[PDB]
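Colleague: One structure coming up, written as structure tokens, with questions to follow.
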Amino acid sequence: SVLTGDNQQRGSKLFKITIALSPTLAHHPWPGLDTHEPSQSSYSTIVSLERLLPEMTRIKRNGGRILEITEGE
Amino acid sequence: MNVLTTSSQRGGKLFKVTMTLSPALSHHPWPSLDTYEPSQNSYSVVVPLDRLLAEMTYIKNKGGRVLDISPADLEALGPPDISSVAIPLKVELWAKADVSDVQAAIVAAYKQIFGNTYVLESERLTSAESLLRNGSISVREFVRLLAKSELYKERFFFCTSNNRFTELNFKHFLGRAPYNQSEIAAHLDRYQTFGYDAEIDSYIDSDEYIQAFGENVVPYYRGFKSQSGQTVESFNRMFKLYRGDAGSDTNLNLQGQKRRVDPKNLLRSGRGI
Amino acid sequence: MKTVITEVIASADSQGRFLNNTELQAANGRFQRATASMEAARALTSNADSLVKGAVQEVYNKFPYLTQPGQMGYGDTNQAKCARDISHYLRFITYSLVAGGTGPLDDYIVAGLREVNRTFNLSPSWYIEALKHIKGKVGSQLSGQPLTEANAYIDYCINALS
Amino acid sequence: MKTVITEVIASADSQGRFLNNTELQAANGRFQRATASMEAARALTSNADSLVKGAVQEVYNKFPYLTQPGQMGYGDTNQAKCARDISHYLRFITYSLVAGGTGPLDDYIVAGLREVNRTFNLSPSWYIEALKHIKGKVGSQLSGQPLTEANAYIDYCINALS
Amino acid sequence: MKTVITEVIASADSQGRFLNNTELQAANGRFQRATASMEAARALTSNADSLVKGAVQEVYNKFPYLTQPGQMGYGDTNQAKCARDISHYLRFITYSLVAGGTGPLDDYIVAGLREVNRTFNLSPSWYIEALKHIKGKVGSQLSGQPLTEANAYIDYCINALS
Amino acid sequence: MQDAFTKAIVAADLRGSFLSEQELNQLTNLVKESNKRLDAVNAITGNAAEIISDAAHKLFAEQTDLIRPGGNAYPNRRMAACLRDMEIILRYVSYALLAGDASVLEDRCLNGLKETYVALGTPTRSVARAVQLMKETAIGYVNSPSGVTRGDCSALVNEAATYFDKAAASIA
Amino acid sequence: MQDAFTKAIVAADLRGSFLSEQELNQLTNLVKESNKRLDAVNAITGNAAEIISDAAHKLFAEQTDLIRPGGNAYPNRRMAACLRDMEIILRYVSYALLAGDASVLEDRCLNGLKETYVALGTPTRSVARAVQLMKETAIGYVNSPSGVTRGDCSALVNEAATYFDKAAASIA
Amino acid sequence: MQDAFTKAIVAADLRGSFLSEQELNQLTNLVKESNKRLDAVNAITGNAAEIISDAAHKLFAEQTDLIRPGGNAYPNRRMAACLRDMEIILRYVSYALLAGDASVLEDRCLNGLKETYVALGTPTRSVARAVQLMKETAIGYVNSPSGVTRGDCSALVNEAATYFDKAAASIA
Amino acid sequence: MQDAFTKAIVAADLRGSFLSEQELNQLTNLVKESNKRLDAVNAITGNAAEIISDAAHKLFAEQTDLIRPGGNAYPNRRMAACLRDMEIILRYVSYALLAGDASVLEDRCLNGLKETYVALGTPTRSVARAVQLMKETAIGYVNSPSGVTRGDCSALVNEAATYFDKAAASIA
Ligand SMILES: *[C@H](C)[C@H]1/C(=C/c2[nH]c(/C=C3N=C(/C=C4\NC(=O)C(CC)=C4C)C(C)=C\3CCC(=O)O)c(CCC(=O)O)c2C)NC(=O)[C@@H]1C
Ligand SMILES: *[C@H](C)[C@H]1/C(=C/c2[nH]c(/C=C3N=C(/C=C4\NC(=O)C(CC)=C4C)C(C)=C\3CCC(=O)O)c(CCC(=O)O)c2C)NC(=O)[C@@H]1C
Ligand SMILES: *[C@H](C)[C@H]1/C(=C/c2[nH]c(/C=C3N=C(/C=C4\NC(=O)C(CC)=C4C)C(C)=C\3CCC(=O)O)c(CCC(=O)O)c2C)NC(=O)[C@@H]1C
Ligand SMILES: *[C@H](C)[C@H]1/C(=C/c2[nH]c(/C=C3N=C(/C=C4\NC(=O)C(CC)=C4C)C(C)=C\3CCC(=O)O)c(CCC(=O)O)c2C)NC(=O)[C@@H]1C
Ligand SMILES: *[C@H](C)[C@H]1/C(=C/c2[nH]c(/C=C3N=C(/C=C4\NC(=O)C(CC)=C4C)C(C)=C\3CCC(=O)O)c(CCC(=O)O)c2C)NC(=O)[C@@H]1C
Ligand SMILES: *[C@H](C)[C@H]1/C(=C/c2[nH]c(/C=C3N=C(/C=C4\NC(=O)C(CC)=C4C)C(C)=C\3CCC(=O)O)c(CCC(=O)O)c2C)NC(=O)[C@@H]1C
Ligand SMILES: *[C@H](C)[C@H]1/C(=C/c2[nH]c(/C=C3N=C(/C=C4\NC(=O)C(CC)=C4C)C(C)=C\3CCC(=O)O)c(CCC(=O)O)c2C)NC(=O)[C@@H]1C
Ligand SMILES: *[C@H](C)[C@H]1/C(=C/c2[nH]c(/C=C3N=C(/C=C4\NC(=O)C(CC)=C4C)C(C)=C\3CCC(=O)O)c(CCC(=O)O)c2C)NC(=O)[C@@H]1C
Ligand SMILES: *[C@H](C)[C@H]1/C(=C/c2[nH]c(/C=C3N=C(/C=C4\NC(=O)C(CC)=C4C)C(C)=C\3CCC(=O)O)c(CCC(=O)O)c2C)NC(=O)[C@@H]1C
Ligand SMILES: *[C@H](C)[C@H]1/C(=C/c2[nH]c(/C=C3N=C(/C=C4\NC(=O)C(CC)=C4C)C(C)=C\3CCC(=O)O)c(CCC(=O)O)c2C)NC(=O)[C@@H]1C
Ligand SMILES: *[C@H](C)[C@H]1/C(=C/c2[nH]c(/C=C3N=C(/C=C4\NC(=O)C(CC)=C4C)C(C)=C\3CCC(=O)O)c(CCC(=O)O)c2C)NC(=O)[C@@H]1C
């Protein structure tokens, strides 16, 4: 997701993170086995350095792995 | 307790009064020091409006003290209907959402995140809304922004206690009510060192949030239906935290921000700390 | 865009469930109505222009001062705009009749209505008269259900404007 | 409970808006259909019993071994239950016809179907036959739209069971 | 529930005092008697049925008209009830023997007896015969104190009924 | 949620029975009125804005103090709320009218409403008043429409009333 | 989302014009077919379970390796997914069929599906195959009902096909 | 109230049945023990005063602060209460012991007690402690009498314990 | 959470002391039984499904009304819940059995269970009944296993009972 402007209000250096998505990370609210969205198997988000460690750890424990990290600017 | 009649045979609005009983007020007909029955530490009476003044003065002139007064009509009302929260409904914000769908999410988010509480045109956040619908922000991320926003802080966090703010938070971010005294204690400590932003972050970041409505689903009420690792009492606490439809979390009302869940009730579900 | 058909699909889709009898019943309702709706649209489409002239005009009668110099109603550009605008309203209404939902109206006209109007100092009132005047004329060319439909949509805007 | 009418209300309610033309169209659909639906229900309600006997029976023909001792089909209690159950299915179906939505079916029959069936080792298959046999009989007493409606609902269950 | 043991506790409790010798003496009485009481219960429990048949029957002999059509004694439902009821009386009596107090009788049978009987037009008389007939039979299977106990309780009801 | 049909079902269910023929005939009849029923709703929705606007004016002409400093409709912020509330109540009422059942109105709207108002210090009396003012105006439209086939709507009109009144009562 | 009607509107909008009379006549006739259209949909939904069940059996009889250890439909967990997916695709197709427009199908189902399948190592070819197997079975029902008024459904049948095929293609 | 006998009855009643032969044999046995049971009770009641006196001394030797200004057993007035309470609990326990059932104890005495203590600021822990201290002393007598026929009272002794413990727990 | 060991610790802590030698010997002994303890648990878990299944059958044969329209176990959805609940209770009981302590069970499960049940209208007595039915079946397995070294499990068996009973009581 290309940042239109600095997403976060609170300010630090921001880094774009592209992740391969497990069904768990974004389960659809559907009956049966939850499916992540087809259109994005690789969600990309913008994160502040402070949040970067929590975001990565949560991504890690869920199936999906970091495809790439890029500084948001 | 339940009150069986709203009004006395002679017309007169009954009012339930709750006091802490004192040995003088009622005592066993026994030898030795007078003792009130332990079970009635908090006694309740329904009195007509006429005798209310006399009743209350007498209570107070003894060592009694009044816990609260409440009109009998509000009392002896049905427990709120759970119809709308038994099955929440749920909103998904697809990618390539058309204009209307994005609008629906937004509305739904404001509803759940703020309680019934009304958000005025000036209060509403264009910037955050802007981001959603040209991508860039997840529903999850919008939700974070709302809880960061001053609007949120002014209603929930700046008026009431941090004790109250926690459960207030639980309900908005997770349908659940809080289970156990520990959860309340953990959040309080988080807030003291990390501050307000970190605490808000810890509910959205939590896996319980992720497991249900993890991304791109507006939060819905999980409580009122059976959840994993949820104390049975939590379900009862959900009835205290959630009063009817068209009942809100309002700083505005007299003594607006108080605790729906008594501290003792939390202790029952679990103790340890 | 909100029409009957799109909605039931949406609802079905959200739950993740096949379209069952429930939804089809609804659909059946729409399309049954369509015959009347379609008729109404043919009628508006044809008389468009004349309706527009009449409306614009009306507005000026209702608010004479607009035509005075230094006002908004004054000088041709503005009149042209005024015409254009009402045309639009009409256009959309027809659309909505045919689509069988408010959808078209909501997305073109209604969403953002207020702010636009505020920033350019267009008084809702005006538009409203336009519409009302229209409604009155339409109340001759049409009749029965066709009419009823026409009204519904016209009103829908009145309420949104006000 | 999910019926056409409840849904449109719900949708209207979510968006926070008055019922506009969109929804009424839908409602209208439900009401016009009702006449057929209602007819169907009168027909099923009357022949209930006979349908039930026939079904239960069928099941046994289809699965002879059930009636052998030490099986589930064996001994009257079980037969009684078997009857009871099918009655229910039927009952609900009628309800749904009248309510004009799957609602009644969903909440009584379908929700929790699987687990119940698993824990008591009721084989979906059985029920299904029952239904099918029924469907076939109904395919005589009814005709045209009334019939069509009856089917829809009957099937809806087949699919839920399977 | 009123038994010897509960009462002395109650009395002790009211005054706010420990159980002293006075009460224990009383308790002791209850326990000594029990052996006989218990015996009696074993005897009634076993012959229950036979006692019941005999009683119901008797009642009809005593009040022939009951069995005529349009009366209360007439038609199986009523007979079934009649049986049921007497069973109950018996059941409770046994209970009371074992509990060593009228308690069980008072709370199940006696309290509200009148009004029930009035509202449904059950004539106490009937019950009474039942009991009497019973008492007579019991007067064979039992003997000595066991007997005496049985009587006491049986009577207690007669008096309550009358 | 609930409505006329579903309701009758539920009743029947607890008895454990197919729907009584008598009961069908309630619903059968109810269907026949549909068209009328619909138009009624349509009339409210079409006039919504106005209904409110109107009622408000009258409310404030009567209870001048509400709009005076220290009153409950002052200042702007409060006024706004008061308007919106009126509207909501209306919205629900309409919904009910279509459903043919009070429920939706009771559960979403009326339940807890009194207590809220109390906690805020909003004067329940005045609220109730407003609701009635609305009622009368609304009926006005329901009952006097244009381009509709003429016939008797009374039955519907009364049911409408009742809904308004349930509201008035439970708030008050 | 979008559908036949909405679509035509949108086009007209960009031209800035009222709908052409010609264009109305598309929609006018589209309406007339409704009843047929509906029944078609009804037929799919009614037979759903079966359609799938069937297709699957055939799919696995053909490509035995999918169900062998090392294949993509093994073990159970995977198998389950594979079934689920088939169904979904079907569900969408139906939706489209009602709308009278591919869009819904393309946007909320097909788009990105290929790539997903690729990343997982699911063989897109086989998926496509399944979709066709489904197609044929489905048409089977659409085209051979009982107790419906007899007439020609071809027009609808073909459109149905196309939807299935768009699916097959974009996955493949 | 309730007690062992009545209890069994009640159970039987809900089943709707005569007492099970098995169940009788519980009661039959219970009778046989009576004499033992009685003596047990007699022992407590006879020594009551002492039991308490004793326990108290020990309680206050341990938790010196209770009797210091600012503590909960100070001043006299409070001390008095504390003694009284201990006694009561004892009284009930005895009652239970005779009945052969906890109920009486739970319902009249224990129910609500914790919360009371809490509200007052009485330290529940200490209360519980006292109860135990009592327990041990009491058993002491029950178990070591003079002029009673020698035999085994264990069964009763344990039941006694349990009662004390229910108390300790619910207070704590 | 808590369990046998942890508990003893905590007690010791409030006295402020190192663990009594006597007290160690409780724990020392407790360890020795482990193996027995484990097998007990293993037996429950192994038979779980059946224990429930069984109990249910019997529960519904007795209390016919639960499964009749208007009863609490009707319709399916409700029935399902009732089954689910039974299981849960069982699950906990097992947990306790392993821990060697009631705690885990009551605070998570029984502390609000009665109140919930009340709000729902579920008849507490029937629930209790179910719990017992389960108890008996369960013990059945615990006590009669195959391929285990023969010896005495009574001690464990009784403790198991108690857990079941705490459940029954607090629900009831
Ligand atoms: C003594 C071991 C501990 C102690 C006791 C204590 N209790 C109170 C006050 C009350 N205690 C009770 C208890 C009961 N009332 C009942 O009716 C029953 C049985 C049915 C019980 C067991 C009650 C109700 C009171 C409060 C009112 C009254 O006086 O009756 C106190 C004094 C508290 C005060 O501030 O008044 C004390 C001290 N507390 C200790 O210090 C010991 C550890
Ligand atoms: C107007 C007729 C009268 C009035 C109303 C008034 N209401 C509020 C505040 C709230 N009222 C509600 C109402 C509802 N909540 C719901 O969800 C529904 C149904 C779904 C209703 C009708 C709520 C939620 C609030 C609280 C939130 C908020 O105030 O933002 C006020 C404002 C109270 C204040 O002191 O700010 C007022 C004024 N009061 C009058 O003066 C009229 C008699
Ligand atoms: C007619 C009653 C009066 C009038 C109108 C008038 N409008 C503008 C400017 C605008 N009007 C609109 C309206 C629309 N444009 C759209 O695209 C839509 C939705 C499809 C609508 C309803 C807009 C957006 C504008 C802003 C600029 C523009 O014209 O596009 C003016 C010009 C006012 C100015 O100073 O900007 C006028 C005068 N003219 C009259 O004579 C009446 C008083
Ligand atoms: C008939 C095809 C076969 C059969 C059936 C049978 N059913 C049961 C037990 C149950 N069946 C149901 C079904 C329902 N009850 C409901 O309330 C609803 C929803 C409205 C349904 C669909 C249920 C819930 C039960 C379980 C509880 C009960 O006691 O009924 C049995 C008995 C199984 C058992 O005793 O464990 C049987 C045999 N009987 C036959 O002969 C056919 C093979
Ligand atoms: C038998 C001597 C005669 C008789 C009896 C008869 N009884 C009833 C109805 C009731 N009888 C009772 C009695 C009891 N029910 C209880 O709960 C208890 C205490 C536990 C008792 C003793 C009750 C309460 C009823 C009313 C409820 C019911 O009827 O189910 C009837 C039915 C009369 C009626 O329905 O009007 C009858 C006929 N009939 C005979 O054959 C004898 C003359
Ligand atoms: C009643 C409050 C007032 C009134 C109403 C009225 N309407 C009809 C008949 C119809 N009205 C409609 C309207 C609709 N049907 C729909 O499906 C929709 C939503 C899409 C609407 C708005 C229709 C179609 C009919 C039938 C055709 C016709 O208009 O004749 C009647 C006649 C009674 C009847 O139809 O059985 C009446 C009385 N008219 C009044 O005088 C009341 C003030
Ligand atoms: C079945 C004919 C073939 C097959 C299917 C299969 N799919 C997956 C996994 C996924 N399939 C999808 C498809 C969708 N998810 C959606 O949300 C939608 C609608 C928008 C579709 C169509 C997705 C996203 C997944 C990934 C996550 C999931 O578990 O659903 C598998 C398992 C893949 C794995 O290795 O885990 C399978 C087997 N593959 C075959 O082998 C069949 C020929
Ligand atoms: C086409 C795939 C096959 C077929 C269809 C067919 N249907 C009709 C006519 C009707 N079909 C319906 C069905 C519905 N209308 C609804 O509102 C709903 C949802 C509630 C459905 C399912 C209706 C009502 C009609 C009108 C007349 C009737 O009673 O059938 C036809 C006849 C042509 C027409 O549209 O009038 C046909 C051909 N039958 C075939 O032969 C095809 C294989
Ligand atoms: C148990 C804690 C200790 C114990 C008891 C014990 N008692 C007996 C026997 C009897 N004790 C009594 C006591 C009473 N009976 C009464 O009626 C009353 C109240 C007025 C009392 C106090 C009696 C009468 C008997 C029977 C005759 C006798 O001489 O005791 C026994 C003997 C066994 C039995 O049940 O008969 C025993 C063992 N003995 C101990 O060593 C325990 C410490
Ligand atoms: C079955 C043996 C008996 C029975 C039970 C019953 N329970 C419900 C519904 C609920 N029970 C619970 C309780 C729990 N929540 C928990 O977390 C735990 C374990 C710690 C329990 C035990 C809850 C929360 C529900 C609500 C479930 C939901 O909202 O879906 C029902 C169904 C009633 C209903 O309307 O939900 C039943 C039947 N009652 C009986 O009839 C049996 C004797
Ligand atoms: C008790 C209900 C029944 C019973 C139990 C019993 N078990 C043993 C001995 C052992 N049990 C186990 C089992 C385990 N230990 C583990 O670590 C695990 C998990 C991996 C299990 C399941 C073990 C290892 C032993 C030791 C060897 C053996 O099997 O004997 C005994 C023997 C006495 C003792 O262990 O002290 C007994 C009696 N046997 C019965 O007959 C009871 C009904």
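Starting from 1 in every chain, residues are counted up; chains themselves are A, B, ... following the order of the structure tokens, and ligands are numbered from 1 as listed.
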Kindly provide, as a list in words, the residues of chain I having any atom no farther than 12 Å from an atom of chain H, counting only C-alpha atoms.

Modeller: residues 11, 14, 15, 16, 62, 63, 125, 126, 128, 129 and 169 of chain I

Colleague: Taking only C-alpha atoms into account, report as a list in words which residues of chain B lie within 9 Å of chain A.

Modeller: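 Result: residues 90, 91, 92, 94, 95, 128, 131, 134, 135, 136, 137, 138, 141, 145, 148, 201, 205, 206, 207, 210, 211, 212, 213, 214, 215, 216 and 217 of chain B.
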
Colleague: Save out the residues we just selected, C-alpha atoms, as a PDB file, in the first residue's frame.

Modeller:
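Heads up, here's the output in selection-v9.pdb:
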ATOM      1  CA  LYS B  90     -19.631  -7.838  10.938  1.00  0.00           C
ATOM      2  CA  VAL B  91     -18.261  -5.567   8.199  1.00  0.00           C
ATOM      3  CA  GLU B  92     -15.511  -6.475   5.741  1.00  0.00           C
ATOM      4  CA  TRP B  94     -12.705  -5.539   0.524  1.00  0.00           C
ATOM      5  CA  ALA B  95      -9.871  -4.164  -1.578  1.00  0.00           C
ATOM      6  CA  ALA B 128      -8.188   9.348   8.480  1.00  0.00           C
ATOM      7  CA  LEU B 131      -6.584   7.511   3.740  1.00  0.00           C
ATOM      8  CA  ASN B 134      -7.392   5.233  -1.661  1.00  0.00           C
ATOM      9  CA  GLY B 135      -5.778   2.336   0.138  1.00  0.00           C
ATOM     10  CA  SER B 136      -2.812   2.894   2.420  1.00  0.00           C
ATOM     11  CA  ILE B 137      -4.626   2.310   5.690  1.00  0.00           C
ATOM     12  CA  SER B 138      -6.112  -0.931   6.985  1.00  0.00           C
ATOM     13  CA  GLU B 141      -5.018   0.972  11.310  1.00  0.00           C
ATOM     14  CA  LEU B 145      -6.052   6.264  14.664  1.00  0.00           C
ATOM     15  CA  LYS B 148      -5.196   7.776  19.331  1.00  0.00           C
ATOM     16  CA  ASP B 201      -1.319  -0.187  20.627  1.00  0.00           C
ATOM     17  CA  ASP B 205      -1.553  -5.629  18.488  1.00  0.00           C
ATOM     18  CA  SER B 206      -2.855  -8.395  20.778  1.00  0.00           C
ATOM     19  CA  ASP B 207      -3.518 -11.711  19.032  1.00  0.00           C
ATOM     20  CA  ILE B 210      -5.821 -10.556  15.263  1.00  0.00           C
ATOM     21  CA  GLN B 211      -7.600 -13.876  15.651  1.00  0.00           C
ATOM     22  CA  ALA B 212     -10.994 -12.192  15.292  1.00  0.00           C
ATOM     23  CA  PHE B 213     -11.453  -9.352  12.803  1.00  0.00           C
ATOM     24  CA  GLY B 214      -7.672  -9.358  12.460  1.00  0.00           C
ATOM     25  CA  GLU B 215      -7.340  -7.022   9.477  1.00  0.00           C
ATOM     26  CA  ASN B 216      -9.925  -5.223   7.345  1.00  0.00           C
ATOM     27  CA  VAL B 217     -12.832  -6.254   9.582  1.00  0.00           C
TER      28      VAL B 217
END

Colleague: With a distance threshold of 7 Å and counting only C-alpha atoms, extract the residues of chain C near chain D and express them as a PDB file with N, CA and C atoms, in the first residue's frame.

Modeller:
ATOM      1  N   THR C   3     -28.247  -0.610  -5.791  1.00  0.00           N
ATOM      2  CA  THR C   3     -29.550  -0.974  -6.330  1.00  0.00           C
ATOM      3  C   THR C   3     -30.011  -2.230  -5.610  1.00  0.00           C
ATOM      4  N   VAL C   4     -31.269  -2.610  -5.808  1.00  0.00           N
ATOM      5  CA  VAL C   4     -31.771  -3.816  -5.180  1.00  0.00           C
ATOM      6  C   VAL C   4     -30.829  -4.972  -5.495  1.00  0.00           C
ATOM      7  N   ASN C  21     -33.572 -18.419  -1.742  1.00  0.00           N
ATOM      8  CA  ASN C  21     -34.882 -17.903  -2.083  1.00  0.00           C
ATOM      9  C   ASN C  21     -35.081 -16.490  -1.536  1.00  0.00           C
ATOM     10  N   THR C  22     -34.652 -16.249  -0.291  1.00  0.00           N
ATOM     11  CA  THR C  22     -34.828 -14.954   0.351  1.00  0.00           C
ATOM     12  C   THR C  22     -34.530 -13.826  -0.629  1.00  0.00           C
ATOM     13  N   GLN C  25     -36.624 -13.487  -4.038  1.00  0.00           N
ATOM     14  CA  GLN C  25     -37.882 -12.806  -3.776  1.00  0.00           C
ATOM     15  C   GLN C  25     -37.683 -11.305  -3.935  1.00  0.00           C
ATOM     16  N   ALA C  26     -36.703 -10.750  -3.225  1.00  0.00           N
ATOM     17  CA  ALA C  26     -36.408  -9.326  -3.315  1.00  0.00           C
ATOM     18  C   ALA C  26     -36.191  -8.896  -4.766  1.00  0.00           C
ATOM     19  N   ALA C  27     -35.244  -9.542  -5.441  1.00  0.00           N
ATOM     20  CA  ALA C  27     -34.983  -9.237  -6.837  1.00  0.00           C
ATOM     21  C   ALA C  27     -36.297  -9.189  -7.616  1.00  0.00           C
ATOM     22  N   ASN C  28     -37.104 -10.232  -7.465  1.00  0.00           N
ATOM     23  CA  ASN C  28     -38.354 -10.325  -8.191  1.00  0.00           C
ATOM     24  C   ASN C  28     -39.135  -9.027  -8.043  1.00  0.00           C
ATOM     25  N   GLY C  29     -39.162  -8.493  -6.825  1.00  0.00           N
ATOM     26  CA  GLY C  29     -39.817  -7.226  -6.535  1.00  0.00           C
ATOM     27  C   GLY C  29     -39.354  -6.127  -7.483  1.00  0.00           C
ATOM     28  N   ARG C  30     -38.047  -5.944  -7.535  1.00  0.00           N
ATOM     29  CA  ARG C  30     -37.415  -5.048  -8.500  1.00  0.00           C
ATOM     30  C   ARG C  30     -37.635  -5.750  -9.830  1.00  0.00           C
ATOM     31  N   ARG C  33     -41.255  -3.932 -10.559  1.00  0.00           N
ATOM     32  CA  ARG C  33     -41.489  -2.496 -10.463  1.00  0.00           C
ATOM     33  C   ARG C  33     -41.026  -1.808 -11.752  1.00  0.00           C
ATOM     34  N   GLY C 100     -33.190   1.267 -10.653  1.00  0.00           N
ATOM     35  CA  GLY C 100     -33.997   0.684  -9.601  1.00  0.00           C
ATOM     36  C   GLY C 100     -33.276   0.725  -8.258  1.00  0.00           C
ATOM     37  N   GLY C 101     -32.811   1.917  -7.879  1.00  0.00           N
ATOM     38  CA  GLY C 101     -32.220   2.168  -6.581  1.00  0.00           C
ATOM     39  C   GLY C 101     -31.798   3.628  -6.510  1.00  0.00           C
ATOM     40  N   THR C 102     -31.483   4.099  -5.307  1.00  0.00           N
ATOM     41  CA  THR C 102     -31.027   5.466  -5.154  1.00  0.00           C
ATOM     42  C   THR C 102     -29.569   5.576  -5.577  1.00  0.00           C
ATOM     43  N   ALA C 152     -41.038   9.715  -5.456  1.00  0.00           N
ATOM     44  CA  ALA C 152     -40.075   9.113  -4.548  1.00  0.00           C
ATOM     45  C   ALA C 152     -38.681   9.677  -4.787  1.00  0.00           C
TER      46      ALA C 152
END

Colleague: May I ask you to write as JSON, numbers by chain all residues lying at most 8 Å from ligand 8, with only C-alpha atoms and all ligand atoms counted?

Modeller: {"C": [21, 22, 24, 25, 26, 27, 28, 29], "D": [29, 33, 144, 145, 148, 149], "G": [32, 33, 34, 35, 36, 37, 38, 39, 40, 41, 42, 43, 142, 143, 144, 145, 146, 148, 149, 150, 151, 152, 153, 154, 156, 157]}

Colleague: If you run DSSP on this backbone, which residues of chain F come out as alpha helix (DSSP H), and could you give them as an MDAnalysis selection string?

Modeller: chainID F and resid 4:15 21:62 76:99 103:104 113:120 124:143 154:171

Colleague: Nearest residue to chain B out of E:12, E:138, E:1, E:82, using only C-alpha atoms?

Modeller: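 Answer, going by the shortest atom-to-atom distance: E:12.
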
Colleague: Could I get the residue neighbourhood of ligand 10 at 7 Å, counting only C-alpha atoms and all ligand atoms, as JSON, numbers by chain?

Modeller: {"B": [86, 224, 225, 226, 227, 228, 230, 231, 232, 235], "I": [66, 72, 73, 78, 79, 81, 82, 83, 85, 86, 88, 89, 108, 109, 113, 116, 117, 120, 122, 123, 126, 127, 130]}

Colleague: Kindly provide, as a VMD selection string, the residues of chain C having any atom no farther than 8 Å from an atom of chain A, counting only C-alpha atoms.

Modeller: chain C and resid 14 to 16

Colleague: Those residues with N, CA, C and O atoms, as an mmCIF file, in the first residue's frame please?

Modeller:
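So the final result, stored in selection.cif, reads:
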data_model
loop_
_atom_site.group_PDB
_atom_site.id
_atom_site.type_symbol
_atom_site.label_atom_id
_atom_site.label_comp_id
_atom_site.auth_asym_id
_atom_site.auth_seq_id
_atom_site.Cartn_x
_atom_site.Cartn_y
_atom_site.Cartn_z
ATOM 1 N N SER C 14 -21.182 -11.204 1.583
ATOM 2 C CA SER C 14 -20.610 -11.029 2.908
ATOM 3 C C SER C 14 -20.707 -12.311 3.732
ATOM 4 O O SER C 14 -19.704 -12.797 4.240
ATOM 5 N N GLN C 15 -21.922 -12.853 3.866
ATOM 6 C CA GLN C 15 -22.145 -14.049 4.663
ATOM 7 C C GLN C 15 -21.368 -15.224 4.068
ATOM 8 O O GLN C 15 -21.056 -16.178 4.781
ATOM 9 N N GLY C 16 -21.078 -15.159 2.757
ATOM 10 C CA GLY C 16 -20.297 -16.179 2.083
ATOM 11 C C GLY C 16 -21.178 -17.310 1.554
ATOM 12 O O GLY C 16 -20.749 -18.442 1.370
#

Colleague: Kindly indicate which residue among H:111, H:17, H:22, H:53 lies nearest to chain B, using only C-alpha atoms for the distances.

Modeller: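 The answer is H:111, which sits nearest to chain B.
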
Colleague: Can I get the residues close to ligand 5 as a PyMOL selection string, where close means within 10 Å and we count only C-alpha atoms and all ligand atoms?

Modeller: (chain E and resi 55-60+63-67+71-89+91-92+105+107-113+115-117+119-131) or (chain H and resi 13)
